[PDB]
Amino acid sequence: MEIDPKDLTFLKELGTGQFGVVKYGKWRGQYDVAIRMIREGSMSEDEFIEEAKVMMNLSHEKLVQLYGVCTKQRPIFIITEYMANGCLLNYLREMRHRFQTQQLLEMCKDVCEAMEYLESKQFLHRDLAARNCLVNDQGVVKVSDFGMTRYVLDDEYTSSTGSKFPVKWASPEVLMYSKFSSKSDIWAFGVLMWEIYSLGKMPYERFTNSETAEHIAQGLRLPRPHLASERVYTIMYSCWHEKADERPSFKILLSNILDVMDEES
């Protein structure tokens, strides 16, 4: 819903992200929030604003909430639930010796639940990766920046061969046909699981985007992480079926996750 900046306070700088500067602050006094100032020239504003009202109506505990927006000025402001521990990728790397596999599987339940809610609303992410997931003060993981890639003007960020396109998280049908589906978000979730159990290592770190695309196209798949059990690996590997219809839905995935958690007792 629209927010009068009168009701906001800027308290600290969190840094500049892919879509502009971000700061920590307070909304209506009692709400810790992160206000992002949208880089000018980066977004299709009208389309993004209209879709923002939709992402406002998406609510789930494991999804970084959108509390409102300031659109009658530029740069547009986006007021979101504040995640004290920052990006999940850097959270994974900083506490490399402080995560037990039970906490890792928890982080996977969190992501899978958020993506199952997004699946059930027939809403696509289009860029699921650890760098777009955030962690709050209680170690809980939440998805964010969902559907944001739909509104980027830079063609490098959108085209299959763009220099900034996340090939290493993309399914074969996204690289070859630009066919986005919940199944491509599932492929991406598989890669994300690999990020989690790898404690934040870059998938195919030493591959050019092209080399990755071709290897993926010919059957190469990420190696089982050291901290991943044969059951966890089975789940993230099942996310990477060549045939989209052969990949299990996020609901079936969450169930498998819960089965592994139960067997981890």
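In this text, residue numbers run from 1 along the sequence as written. C-alpha atoms forming the largest set that superposes within 1.5 Å between two forms make up the rigid core.
Put simply, when the other structures in 4 other deposited structures of this protein are lined up on the rigid core, the C-alpha atoms of 23-31 lie farther off than those of the other stretch, from 23-31 and 61-69. Taken in 4 other deposited structures of this protein and fitted on the core, 95-103 and 108-116 differ in how far their Cα atoms move from the shown form, and the one that moves more is 95-103. When the two stretches 58-66 and 206-214 are set side by side, the higher mean Cα temperature factor goes to 206-214.
On average the C-alpha atoms of 92-100 have higher B-factors than those of the other stretch, with 92-100 and 148-156 being the two compared. Residue set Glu113, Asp127, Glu119, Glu106: peak C-alpha B-factor at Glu106 (per PDB entry). The deposited CA B-factor of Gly29 belongs to the lowest third of values across its chain.
Ranked against the other modelled residues of its chain, the C-alpha B-factor of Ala228 as given in the entry falls in the highest third.
Sorting the modelled residues of the chain by their CA temperature factor places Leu254 in the middle third. Remark: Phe165 belongs to the lowest third of its chain, ranked by C-alpha B-factor as recorded. Among all modelled residues in its chain, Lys12 ranks in the middle third by Cα B-factor.
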